[PDB]
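See structure below.
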């Protein structure tokens, strides 16, 4: 059996840049490696086979070089969309033969952006069910690094909010967080000031939104 | 099966000279050739075993160089005792290697020479048997290239004479012939002038020993 | 429950029935016949015995036309009941050898399986080697 | 008709014939003989039966020299007619050993063929692979 | 192991016992019965024999109810004693088939083994030689 | 040769001898005995027959102590002579199946020989390739 | 036109067993070999088995052995994975892909044609429907959306107006709630000038429980 | 001390059959391969059988197939070549050299140690001693000799004055007469002045004939 060690764990860089990932075979692998590109959602895409040549119909900015046991995939002048999750594969062994490397995720980096904050009032129906829910939103923002505090009547809330960032876009190259509150109906009418607290490495002053309940 | 073509048929040369014998295979042999030296009377002696390396205990003047399919054994400076027949062998096939070559026989060159001619009339006792036989003799000459005709009463004798030359001499370095007639007593007495004709690359005029029957 | 006692007990039951029938038919059929003492069932009971085992002591037997048809049927029934128990003794003695010969199949079979599968283990081995000799000597 | 009834019915027909012959021969051959009551065919009919099935009740039988030669021939004919039918039942008993022995060569031969064959394959794969490690790497 | 004499002699001993029993039981059980001459053991000794071998000469035999149960048991005992010895003789007949079956498999298994093995070898030789065209040429 | 007539004829010869002995011993031993008519050899000749084939018609038989020992010996001799012959018909019918079953080895073995020897022809063919694969691609 | 169609995925009680099928379409599986490569939920890539039906051979990674049983049928043209004794960690997106047998220069392009994978999701936790509440927009740039909340198991698809609104749309990745069900909002930015003109509706579809929904979106 | 001993060679009527032996000493045949290489009378070198008693295997030249059968007995230590259906053209010196099997490097040496080979003369000729006739010399440089004539089978030795004369002697290579018998002449050059003084006598010895002879050369 042959294992795989792949560096870098996670890579960050902008367009035009030149990206180089390495993979070292825990054992002799006679130029039997392949290069995969997996855009979140779809399945892998063959880029490099034999470790040398490239699958017919692949960007020219792609290539690999064999270092005896060390294999490296290089992206000359990194384009905008080439962002994905890259997979290192050895196919020699006869433990037939595919063994993938932990992987390297190349996320396209750019300048900060305007974290268009918003907030949605718990739906009518929801209450009739017996559980209302507030939900903030930090539309199109950079970088993922961010946090949101919730305040039910200017009183910080803890342990009932759940975030979820979209994965980096193909164009905007910006992330979008997503926060939401949860309280039994009876506890949504126990206050009157629901304000979403926002912080960011791209804001002079933390933007704060909210809404008047039933107004 | 792999055949072996070994040039040259036979080669004359003095000592100190640089001798090179070739041997082209009928197909890929893969540097799995061998070279043999055989002195009149002994079983081949191995010299080179790979076309490259040479059997432990061989004169340094022996080399083998592979030209892919062409092979060539070479004697640096021919010594005085390196006279024999050299066989070229291939051992690659998978029809038990062994496929020797017609072999080349290297002999010693030396100043020209005429042949001392002699003729012996049929032995008395022989005739009591029933078949008398004459016998010429070209002694110590050079080169082997020679020819002796016969003549009973100046009439050319055809197909009834057996030649034989001696293996080049140790010191004289000359060849010795030996022709011979044969005729039922009756016939040996049917004439009276048994002559032995001789021609040679070293004779102004063809030496012609002979005799008359009974005297 | 079993299938060798149902097929064996059947011929055994069918045996008794006929051993009870001949002694039930050849009795009332032997009333008013010349030399017909076989008018009793218990005496005819022993009658069907000497008839089956074909002993024929000759002291109790039929003399009628219908009482004899039943007699011959008891004669053959006996031969059939013991001729089967005999051929069954052979299949049982010859079948036991198939078990010891079947075990002989275990020693001759499972030995060939493990061997032909010990060579396979090898076949690869040597291949593996050669693979290395290249990939380890060339690239 | 079905042959197993043609070879079985035959020995059954040949049986009757001799069970009708001895009762046809040992009758007229028992006229004027000391202690020869067996002078009737229907009475000798039962005679040849007890002779074949070797029961010998001892109430009807010959006393002549020629009437006894026909009797012994009826004795042996019986043993023959039943010794064959008994060894024929063995054909269906030891014949189920054949199906037990033949249903064995299968499973044992099957277990092998796989092992072997799965090995020839083990080679091809192994062969191409190595072969792929060559020419391709170099060219 | 003289087991073939211990299983053969057993049926032989069990035979005698019953050939001595019926001549021991059908004697005292034949005293005071109509037509009961079989009041002697030595005479009944022959009685149990004709009973076992099912000959039934018809001069010495029982007429009682208890003296007959002992007779029928001697009749069956005989058939059993000889029906087994017969199937035991088949063990020495169809048993020689075992030795012919276990011997034909010899020549047939020999012809194969060679083939097979002579191939395994055809590989080794082949492997090494390849192996030689390797390492040795490049080194 | 096949000693099947020597072992078969032996039991047949040993049969006749005892079938000639009983009619030789039970005759002179039946002189001066109550109800001893078996004083004649020709009449005792048939006597040993009904004894062997266990028929016991019941018209000619011994009454002495020494004349019965010879008779019981003729009884057992008969069963032994026919218990062996019948078992000879089985070995002959079951042994003939070993011939038609021994021919099944022909199609089963010779088919595996040519096959394991066609794969050898291949095995090389393969290697040969590889050899060419290098020697032709490299040197 | 070559392609693959993984099928059979679904929900299994931890311990239970499944059977995935990888119908081939462009090539003859026979002279090919199929791969069963899986991918933990959100984790990386892992291979599970392989089976060169050409050389009657099969292969398994160690992470699985006395459990899975790859096997193909060339009568039809499909490779199957018989996943037995499923373990909680076995949930994922089982893809299946190609690679040529050991033959003429073809075995070098790795898994040249991957499939689309199914999603075996083992769990003792059972299926339930969600709920589709609206996210009333307010104030040429405004955000609105739905909230597929309280459902199980993944996944759920959500499109707007059957495909009208597709530009500038952010459907967020479900995040497992502390109840045992998933949930997620699907937001979108639209020009205020069309909050009374154009109509906005999010189409929801949680197939795992046959729950189709179409919720209109008005302020 | 490794060496090889070929034996068995001899005479055989065309058609008949022979069996040569190649006693090996110094090395275990078991792990080696024996080679039978023959050399026509006065021609070149030709290989014939072969045999690796290790990998259980044999090999033959084309020039022989239905005829020769090679084999070896590792119990003793020998390889036996079994000639059969001998043809008149099979006459020659049969050597029996060796070579390393297919193991380590060893195999790259050609034929390691050769033997001294035997002689197998296939011929309908019948054994006979030669007849010796004097070669009366005539006219310090004279020539005289013997004529070992009409003998079979090869080979014979000719010496002069049991050893005395050994300088200036020519014992020629026997040429085979069309009768089936070989025949040779041994001449020698001597000083005239020694034709009345010194005695000249050739010593002819035919081993296969078991006959030896000496004859005086008197003018």
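Residue numbers (the entry's author numbering), protein chains in the order written: chain A, 1 to 215; chain C, 1 to 215; chain N, 22 to 160; chain M, 22 to 160; chain K, 22 to 160; chain L, 22 to 160; chain B, 1 to 139, 145 to 224; chain D, 1 to 139, 145 to 224. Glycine is no exception: its CB is placed at the ideal position from the N, C-alpha and C atoms.
- Within the stretch 157-185 of chain C, no residue has a Cβ lying closer than 9 angstroms to any Cβ of chain L.
- With a cutoff of 8 angstroms on beta-carbon distance, residue 71 of chain A and residue 113 of chain A are scored as not near each other.
- Burial check for residue 34 of chain L: the Cβ neighbour count within 10 Å stays below 16, so the residue is exposed.
- Proximity of residue 119 of chain N to chain M, defined by a Cβ-Cβ separation below 8 angstroms, is satisfied.
- For residue 125 of chain M, the uninterrupted alpha helix (DSSP H) segment begins and ends at 116-154.
- Under the three-state reduction of DSSP, residue 4 of chain B is assigned to strand.
- With respect to the 8 angstroms criterion, residue 93 of chain B and residue 149 of chain B are not classified as neighbours on the basis of their beta carbons.
- Closer than 8 angstroms at the C-beta level to chain L, one finds these residues of the stretch 30-42 of chain C: 30, 31.
- The stretch 111-125 of chain K makes no contact with the stretch 76-94 of chain D: fewer than 3 CB pairs, one atom from each, lie closer than 8 angstroms.
- As for any beta strand (DSSP E) of minimum length 3 sitting wholly inside the stretch 15-51 of chain D, the runs are 19-25, 33-39, ordered along the chain.
- Put simply, of N:43, N:75, N:74, N:79 the residue whose alpha carbon is nearest the alpha carbon of residue 63 of chain N is N:43.
- Taking 8 angstroms as the cut-off, the Cβ atoms of residue 146 of chain K and residue 55 of chain D count as close.
- A distance of 8 angstroms or more separates the beta carbons of residue 14 of chain D and residue 119 of chain D.
- Unbroken alpha helix (DSSP H) stretches of 4 residues or longer found wholly inside the stretch 22-84 of chain N: 29-46, 62-73, given in chain order.
- According to the DSSP secondary-structure assignment, residue 105 of chain B is paired through a beta bridge with no residue.
- Within the same chain, no residue comes within 6 angstroms of residue 139 of chain N by CB-CB distance, once the 5 residues on both sides are set aside.
- Identification of chain B residues near residue 150 of chain M by a Cβ-Cβ cut-off of 7 angstroms yields 102, ordered along the chain.
- When the beta-carbon positions are compared, residue 38 of chain A and residue 47 of chain A stay at least 8 angstroms from each other.
- At a Cβ-Cβ threshold of 8 angstroms, residue 73 of chain K and residue 98 of chain K count as neighbours.
- With a cutoff of 8 angstroms on beta-carbon distance, residue 77 of chain A and residue 24 of chain A are scored as not near each other.
- Cβ-Cβ distances below 8 angstroms link residue 44 of chain C to 36, 37, 38, 87 in the same chain, with the five nearest sequence neighbours on each side left out; the list follows chain order.
- For residue 56 of chain N, none of the residues of chain L pass the 7 angstroms Cβ criterion, the least Cβ distance being about 15 angstroms.
- Close to residue 76 of chain N, with beta-carbon spacing below 8 angstroms, are these residues of chain M in chain order: 76.
- For residue 131 of chain D, there is no enclosing alpha helix (DSSP H), as DSSP marks it with neither H nor E.
- Put simply, the stretch 95-115 of chain L does not touch the stretch 77-85 of chain K. Fewer than three CB pairs are less than 8 angstroms apart.
- The way I'd put it, the stretch 50-66 of chain B doesn't touch the stretch 119-130 of chain B; fewer than three beta-carbon pairs between them come closer than 8 angstroms.
- Taking residue 100 of chain A as reference, the option from B:220, B:106, B:111 with the minimal CA-CA separation is B:111.
- Under the 8 angstroms criterion on CB atoms, residue 160 of chain L is classed as interfacial with respect to chain C.
- By the Cβ rule, the stretch 3-17 of chain C does not count as touching the stretch 191-207 of chain A, because fewer than three pairs are nearer than 8 angstroms.
- Check the Cα spacing between residue 130 of chain B and each of B:137, B:182, B:192: the tightest is with B:182.
- Counting C-beta atoms within 10 angstroms of its own C-beta, residue 69 of chain N has 16 or more neighbours from the protein chains shown and is therefore classed as buried.
- Distance from the Cα of residue 36 of chain N is smallest, within the candidate group N:22, N:52, N:96, for N:96.
- For residue 125 of chain A, the enclosing alpha helix (DSSP H) has its first and last residue at 124-129.
- The beta carbons of residue 111 of chain K and residue 111 of chain N sit about 5 angstroms from each other, so the pair counts as a contact at 8 angstroms.
- Using a CB distance cut-off of 8 angstroms, residue 26 of chain N does not count as an interface residue toward chain K.
- For residue 61 of chain K, the closest Cβ of chain L is not nearer than 8 angstroms.
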